[PDB]
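Undergrad: Questions regarding the structure given below will be posed in turn.
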Protein chains: 4
Amino acid sequence: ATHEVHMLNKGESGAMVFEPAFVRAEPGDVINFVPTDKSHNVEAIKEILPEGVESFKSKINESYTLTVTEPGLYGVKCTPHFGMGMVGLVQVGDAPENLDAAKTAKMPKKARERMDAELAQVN
Amino acid sequence: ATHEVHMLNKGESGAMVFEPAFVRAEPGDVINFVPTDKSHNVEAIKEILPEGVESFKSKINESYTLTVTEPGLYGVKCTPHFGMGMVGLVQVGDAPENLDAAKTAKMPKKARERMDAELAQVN
Amino acid sequence: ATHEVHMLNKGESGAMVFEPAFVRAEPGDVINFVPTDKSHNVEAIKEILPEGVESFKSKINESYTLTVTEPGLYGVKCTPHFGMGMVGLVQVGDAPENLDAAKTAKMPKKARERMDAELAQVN
Amino acid sequence: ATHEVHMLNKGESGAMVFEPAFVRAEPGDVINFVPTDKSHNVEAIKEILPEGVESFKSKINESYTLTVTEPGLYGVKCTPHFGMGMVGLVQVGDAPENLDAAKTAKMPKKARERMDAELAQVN
Ligand SMILES: [Cu+2]
Ligand SMILES: [Cu+2]
Ligand SMILES: [Cu+2]
Ligand SMILES: [Cu+2]
């Protein structure tokens, strides 16, 4: 299955946001990170990634197509807006092993607040 | 301003969901609840509602337009799916006075889990 | 099946638009006409409606839920923006009997231009 | 500014479609072609392309970012689905000089039908 996440200046969820901020996927799924507005990208939060998953960083304003082969939690940020809390979360498969890592990973205050909100969706 | 909330059997956020689950509005705004899938309605959570706001309960499968005049937090539920956690939150204006009431309001376990996730967006 | 049409001030398709501007449905389907921005409504174009279908006119800024029980073409307009060409088209079922009526119905110039574009999608 | 086009097996506009099928842009904009479904790509229609614009052909299932520097009409096709009418149109800037070329360019019957529908949006 394929999923889409938008990068936005302003949504219902606030300023500098990924929407949806949480994606539930299965191994082999595709996630498309697509700008709604200019100025954004997507980059892996290294401390919120499954084992063996390479970091990634898209170019500003480009759609980025991520295949989530490995199960677990994938945290993402927008590079210039990380401090403004622009973060998202993808859960791939059941019972993610890196839940604790995601709860404790160091990041800017607003990013941690939004990541904590996203973590509430883990199922 | 207008806002839109979809009533869904399933979304990225799970089963039986309002998407978006959080809306940020100002007095005079309208929020449209849209029957994207059949089987849903929208009903006020009486304990999460500003003073002077009349309760409401729409008919299954219909659109409902909520005009928010009074500032504060408005909690909403889908009647048949309340236990399945189908709840949403509208913040109207800055500095909502009823944050505590929203934190403590009694509801089914999954509803409380989802309301806690939504409350994290209050700004 | 349920379908959604947005009412917008400005889309890729221009100013004062329904998007999608064409919906392909089957008898018994539901179409939700939902504002993206304030100022819009949806109203039937009386001369583009199947036999026996009652006219409808939504209130400004409200989501409107239309059940398309009868087969044929349904033309819609936004009341205040009809002259600005804000029109849409729903095809319900195969081989619509009112195709000629839709091609010849009198309306403002910009509405006719956009209706002609929509009619190209009839299948 | 950014723009987004989805590559779809099916949409309201039919089978094998770009949605939106028409994009209005300005020089310097980017257009992201998003693999919402698998099986698609984006390729320039050589006869509908401004002067000095290099041809392009993306890989199946990938995102593609088109930077539009030169003004005029850019026609695009999906390679495997060209005969199925999977074509799109980008207008860059006012008063495009190559409208006639877009009207007459040779292509499969269904592609010409869909391109004629798209050309109706040129402004
Ligand atoms: Cu950003
Ligand atoms: Cu429900
Ligand atoms: Cu209008
Ligand atoms: Cu294709």
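Each position is counted from 1, following the chain as shown.
Using the three backbone atoms N, Cα and C, a Cβ is placed for every residue, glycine included.
As listed in Swiss-Prot for this protein:
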{"type": "BINDING", "residues": "C:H40, C:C78, C:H81, C:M86", "note": "Cu cation binding site"}
{"type": "DOMAIN", "residues": "C:5-93", "note": "domain 'Plastocyanin-like'"}
{"type": "REGION", "residues": "C:104-123", "note": "region 'Disordered'"}
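I'd like these features described in context: how deep, what's nearby, how far apart.
TA: Annotation note: C:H81 (Cu cation binding site) sits in a helical segment as assigned by DSSP. Within 10 Å of the C-beta atom of C:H81 (Cu cation binding site) sit 22 other C-beta atoms, taking all shown protein chains into account.
In the region 'Disordered' (C:104-123), helix, strand and coil residues by DSSP number 12 helix, 0 strand, 8 coil.
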Undergrad: Where DSSP helix means H, G or I and strand means E or B, what are the helix, strand and coil counts for the domain 'Plastocyanin-like' (C:5-93)?
TA: 3 helix, 44 strand, 42 coil
Undergrad: Neighbourhood of the Cu cation site (C:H40, C:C78, C:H81, C:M86): other residues with Cβ within 8 Å of the Cβ centroid, in order?
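TA: Going along the sequence, the neighbours appear as C:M7, C:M16, C:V17, C:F18, C:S39, C:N41, C:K77, C:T79, C:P80, C:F82, C:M84.
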